[PDB]
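Chemist: Questions regarding the structure given below will be posed in turn.
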Ligand code: NI
């Protein structure tokens, strides 16, 4: 593998691998931040004599096009000149394998044919930072045995070198004669002239054209110092001084030449302008445009008499164009022909031809638009995250806090609605805290009441998800917003409705020739677009789905598009967004045909979404904040880019890294991860690891250590989207199925599959090696494509720890880099970071020595938004005590990953390897593992053995408390009772245990076991426990200090113990627990805290039956109920815990200690899941139907009954008042008849399947019979459930657990129907009793929340 160095004149050397022509070359080293269009870019004549450093880390994906083909004009069909014009090329990663429908060969082959040197494996970000702001950096690509000297190609006249040597004519026969002066013109200039009716006479740079006949003249170019082109400058000067009045249009070099000819000065810029995201402002009318630029010389801003500036650079104030005051002469410094780059300024060609066609010495101003007073807002109502919408069920969006922040900076008063009293959104005490908060449901009724009370003049309805949008739209339609004088801020409701209705949407798009059948196998691309009130419009992020709504593997930026495809879609995005009148943020999704330019629009979303959140996290561009400012009528150029500080929101980010997002499935998605790397492979393997700790990376092995079935149909597994498809792909490759076949079956673009094949080949290479034979080079490469020490250890036969030691002995370690939004074009002081093996330096200093706080990882069942609240509180406590903080998390749906709230944010893996990397590189003073759920807590001991100082409760004690055997022996000694239990190995040991304590029994890897047969199936180390029947469950949440409980709260589950404890509804304080049991609970907690020397948060769960109290388990960390308990009691338990763990003294006088609890007297609090849905055990271990749930709603009420009803309304349900479907197991009839009568006596009409209806009627409780879903149409007499739910006859379903395998399917269907129709579903008897009691006591709805003040 042949190597070479890039060597700069300042001494910098980087070693890389040759992929072009293997010979040395010297030139000016430059960088360009444009991501797309490398084939077009490297044929730009402006690069003559230059060694080009690419910002885009991943280069070569589309190979090289047909480089010999000509179009009808005799120009290169696919390129911008007749060959590669760069002197050399520097890239981070070169794709050897390419895949694109226009590709004819690899980029390397093309570079070899053209004799151009190129190396990969160099840190292009570091190069960019070195080159930046130093006028001319000279360098060379040097091969061993081929030494060269530094040379500056700008000292020769490069214009002359690239110019045509003879006159050439394009568009022969066309009616408008245009002379084009070739100073290194790009082909697209000619294409655009000819398309507009020009016969183009392309003349040499030094051709005396001054006496030629022509209708118009254009001067275009790229390379070199324009001052060396004196003969051309002289000739242009003769035109300027003659009586000739033909329009003159200068492009880039043309701006410099025209300016020089007129008497202006040029200089070499210390910071060149080279990218596709260069914002310019039209000085006359203030319109902004994104442009492509590639120039290193500029015009002095002091112009001679008769000339005026036309465009200015928004970032650096340099001239971007000029015009004559009265004659049709003008020029621009940027390239409106782009290729590559944004098609935003092509209208300048139209302008040119208009000047020619009119032809009475008009000015440029008169053939461009003229200049145009904004919305005045004193108080704004922001609709926060709310309850259920049909289809968008379980969605949450806390971006309203960024809106609050934006409004505050503009001195606008804020009112926020969010019904959850323990929401992270309302756990804010600074700039993100609303002036007034209403804890009311996001529904039209309640929103109307807040409007009456507060009289806001503005409403924000697009930052609280679907429910908030629907609520706002509904209020508009009813005339409520008009009646109270409330302006919808941002995109109007008319426009929103057009995006929400498919027909209206189709109609609107047809007015601009865009349209909308099967598009499976098409590439799915999305763009995030921002548009301000003044019609400025930028694309902030683009994304490509890897596989085949929002449950895909996604990468950003898109990887497999050409410039032409990317810019065509971008352009359409911008047109659609303008035509719809978007004022704010917008998401647009496209399907693109994989082997042509055909596309269509799938949808547009005019509210903040998952995509907009992903885009902000991926880019560092704060969409929600900016959208809120835009809603006040502030234009993009008047808003600051908070990452660079020095520039504005009016730009398109360039990324010098790649992002991978992967859904987290329940082991249909429950959460997501995002990883950052500088190869696809690094990003991708990281993201896979982030999903679950049992996933090693990209391998042919399944999560959770499961083995593949023996009857596996691999082709079938590939052709069906599922949560394990990625592992199946790895298997298919490993079993030597061709990539073409895999592509056919999966629709995954082959480019991604080549990367996946490369990972598997590295695994094979590693398996043949050992700790003595593996070279530095191979290990380096493995780490650069995302291999963990764990993966490597398995291949080499070592432990993880030995592998880490081996790697550090070779001094192979990762590097900390900033996400700066600009690919280092400008220095950033951002503290938003990631870690990569693909680099040669760190972007920050390591002098803070801060306190590390570990986040929770992806959300999933049992691990939700509650840990986000805990992180926020802990981080804030540290900051308020003046402690520096380092936060680590990889969950892009979290609020706590806010780089403004901590001093360093690492958006990184929560593995032992990566946490050690960060901790030791920062030399942190400590690490808090207690506030991020299970992930961080399981790392306690490993971290401790690797030099990490864990704060609070010792890791040795955590290990003891969570080892079941040791924990259980400690309880015995303390005389604290527990549920009898056993660890079993043999199936027979299970029967022996079950025998000695009776069925049913519980199982942990939590599932119930009714019979011995059922036990037999489950083993396809396992713990068995007996729970008592009819027990209550109680949670103890507490904070210990030196083994003493200094804060505690006891909550009672509504549900009897047994049905999973993590979706249980909690009541605080307790409702039906005896006083003696409470005392025993306290006493057991006292002893437990002392036995494990607790300093920090902890949780203990108990079974209570009468006076019997049994410990179930102890978690030596904060639990999901810490926020609930804190808000209910008026004391932040995390703040107390964080203080204890870092040794900050705390006053116990007013805390809820065991001796003096805090027990609310005037109110009760309830915590319930936000969303619940049924799941069928179709996997076939047992046939059963369970509920799963996620999210949180917490409310206060005078008692638990009114709290419960408030929680039902807060989740977005209507309190039932018409009819109830009753489904119960036959054996449960005697126990249910009482509640059935009670519901009926409240006026509910009862419905049930036939046998149950007959049973009710025979017991004098009236009931109407209905059909089992599987038996509909077998009896016309009986009505269908679906129909009765649709007519509104049934507005509540009770469906209690049912073991009868005959009706498990129907019961699942019934449950699914209730959920899909948005009506409350009760699946537990105690909950059902609570509901029946509550409707008895209650009335209407507004009365429950009636401005009650809750405290103490
Ligand atoms: Ni410029």
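Each residue's number is its place along the chain shown, starting with 1.
Every residue, even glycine, has its Cβ placed from backbone N, Cα and C.
Pulled from Swiss-Prot, these are the listed features:
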- 115: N6-succinyllysine (MOD_RES)
- 129: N6-glutaryllysine (MOD_RES)
- 177-362: domain 'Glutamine amidotransferase type-1' (DOMAIN)
- 268: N6-acetyllysine (MOD_RES)
- 413: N6-acetyllysine (MOD_RES)
- 477: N6-acetyllysine (MOD_RES)
- 492: O-linked glycosylation site (CARBOHYD)
- 508: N6-glutaryllysine (MOD_RES)
- 640: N6-acetyllysine (MOD_RES)
- 646: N6-succinyllysine (MOD_RES)
- 731: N6-acetyllysine (MOD_RES)
- 810: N6-acetyllysine (MOD_RES)
- 1016: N6-succinyllysine (MOD_RES)
- 1189: O-linked glycosylation site (CARBOHYD)
- 1190: O-linked glycosylation site (CARBOHYD)
- 1249, 1252, 1268, 1295, 1298, 1307: N-acetyl-L-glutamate binding site (BINDING)
- 1342: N6-glutaryllysine (MOD_RES)
Chemist: To see if you understand the setup: which same-chain residues, six or more apart in sequence, place their Cβ under 8 Å from that of residue 1189 (O-linked glycosylation site)?
Modeler: 861, 1063, 1169, 1170, 1171, 1172, 1173
Chemist: Got a sec? Which of these modified residues, 115, 477, 731, 1016, has the most Cβ atoms within 10 Å?
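Modeler: Selected residue: 731.
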Chemist: Say you check the Cα of residue 1342 (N6-glutaryllysine) against those of the binding-site residues 1249, 1252, 1268, 1295, 1298; which is nearest?
Modeler: 1295
Chemist: State, in Å as a whole number, the widest CA to CA span among the N-acetyl-L-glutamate-binding residues 1249, 1252, 1268, 1295, 1298, 1307 given in the record.
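Modeler: Across 1249, 1252, 1268, 1295, 1298, 1307, the widest Cα separation comes out at 14 Å.
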Chemist: Using the Cβ centroid of 1249, 1252, 1268, 1295, 1298, 1307 as the reference point for the N-acetyl-L-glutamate site, which residues of the same chain not in that list have Cβ within 8 Å?
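Modeler: For the N-acetyl-L-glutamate site the neighbour list reads 1223, 1224, 1248, 1303, 1306, 1310.
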Chemist: Give the number of CB atoms, excluding that of residue 640 (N6-acetyllysine) itself, located within 10 Å of its CB.
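Modeler: Taking all protein chains shown, residue 640 (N6-acetyllysine) has 13 Cβ neighbours within 10 Å.
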Chemist: To the nearest Å, how far is the Cα of residue 640 (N6-acetyllysine) from the Cα of residue 508 (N6-glutaryllysine)?
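Modeler: That comes out at 33 Å between the alpha carbons.
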Chemist: By the DSSP assignment reduced to helix, strand and coil, which category contains residue 1016 (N6-succinyllysine)?
Modeler: helix
Chemist: So of 492, 1190, 1295, which of the recorded positions has the fewest other Cβ atoms within 10 Å around its own Cβ?
Modeler: 492
Chemist: Roughly how many Å separate the Cα of residue 129 (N6-glutaryllysine) from that of residue 1298 (N-acetyl-L-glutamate binding site), to the nearest whole number?
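Modeler: Checking the Cα atoms of residue 129 (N6-glutaryllysine) and residue 1298 (N-acetyl-L-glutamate binding site) gives a distance of 66 Å.
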Chemist: I'd like to know which of these binding-site residues, 1249, 1252, 1298, is least surrounded, judged by other CB atoms within 10 A.
Modeler: 1298
Chemist: Taking the modified residues one at a time (129, 508, 646, 810, 1342), which has its Cβ surrounded by the most other Cβ atoms within 10 Å?
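Modeler: Max Cβ neighbours within 10 Å, all protein chains included: 508.
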Chemist: Within a 10 Å radius around the Cβ, which one of these modified residues has the most neighbouring Cβ atoms: 268, 413?
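Modeler: Max Cβ neighbours within 10 Å, all protein chains included: 413.
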Chemist: Does DSSP give residue 810 (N6-acetyllysine) helix, strand or coil?
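Modeler: Note: residue 810 (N6-acetyllysine) is coil by DSSP, not helix or strand.
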Chemist: Can you tell me the CA-to-CA distance separating residue 1268 (N-acetyl-L-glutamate binding site) and residue 1190 (O-linked glycosylation site), as a whole number of Å?
Modeler: 29
Chemist: For residue 1307 (N-acetyl-L-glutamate binding site), what is the secondary structure state per DSSP, taken as helix, strand or coil?
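Modeler: For residue 1307 (N-acetyl-L-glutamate binding site) - judged by DSSP and reduced to three states - the answer is helix.
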Chemist: Give me the long-range Cβ neighbours of residue 1307 (N-acetyl-L-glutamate binding site): same chain, 6+ apart, Cβ under 8 Å, in sequence order.
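Modeler: In sequence order, 1185, 1223, 1295, 1298 meet the Cβ cut-off.
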Chemist: If I take the alpha carbons of residue 1190 (O-linked glycosylation site) and residue 1252 (N-acetyl-L-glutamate binding site), what is the distance between them in whole Å?
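Modeler: Each residue's Cα considered, residue 1190 (O-linked glycosylation site) and residue 1252 (N-acetyl-L-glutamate binding site) end up 32 Å apart.
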